[PDB]
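Read through the structure below, which is laid out as structure tokens, and then see the notes.
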Amino acid sequence: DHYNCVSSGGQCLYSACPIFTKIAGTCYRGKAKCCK
């Protein structure tokens with residue numbers, strides 16, 4: 001979720017995770033990706 005993502009150094013994004021990151025969970029009731 002958003003809290004876990006952000007406090008674990010990730011970013012919440014609805015798009016593909018950007019270059020040099022990869023999916024590591026979700027955010028925003030599962031609608032977005034957590035990218036790290």
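The way I read the labels, and the way they are meant: chains A, B, ... in the order of the structure tokens, residue 1 as the first residue of every chain, and ligand 1 as the first ligand shown, with later ones counted on from there.
Every protein or nucleic acid residue with an atom no more than 8 Å from region 2-11 of chain A, counting only C-alpha atoms and leaving out same-chain residues fewer than 5 positions away, appears here: residues 24, 25, 26, 27, 28, 33, 34, 35 and 36 of chain A.
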Exercise for review: Name the residues in contact with residue 31 (chain A) at a cut-off of 12 Å, using only C-alpha atoms, excluding same-chain residues fewer than 6 positions from it; report them as an MDAnalysis selection string.
Suggested key: chainID A and resid 1:2 12:15 25
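Within chain A, DSSP applied to the backbone places the following residues in strand (DSSP E or B): residues 11, 12, 13, 23, 24, 25, 26, 27, 32, 33, 34 and 35 of chain A.
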Can those selected residues be exported to a file as a PDB file, in the first residue's frame so that it contains C-alpha atoms?
```
ATOM      1  CA  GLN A  11       7.116   5.104  -5.542  1.00  0.00           C
ATOM      2  CA  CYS A  12       3.413   4.553  -6.340  1.00  0.00           C
ATOM      3  CA  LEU A  13       2.671   4.752 -10.070  1.00  0.00           C
ATOM      4  CA  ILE A  23       7.133  -3.766  -9.213  1.00  0.00           C
ATOM      5  CA  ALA A  24       7.328  -4.370  -5.430  1.00  0.00           C
ATOM      6  CA  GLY A  25       3.657  -4.474  -4.320  1.00  0.00           C
ATOM      7  CA  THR A  26       0.770  -2.097  -4.981  1.00  0.00           C
ATOM      8  CA  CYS A  27      -0.758   1.192  -3.998  1.00  0.00           C
ATOM      9  CA  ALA A  32      -1.275   1.375  -8.888  1.00  0.00           C
ATOM     10  CA  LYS A  33       2.117  -0.281  -8.629  1.00  0.00           C
ATOM     11  CA  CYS A  34       4.734   0.197  -5.982  1.00  0.00           C
ATOM     12  CA  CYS A  35       8.055   0.592  -7.892  1.00  0.00           C
TER      13      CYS A  35
END
```
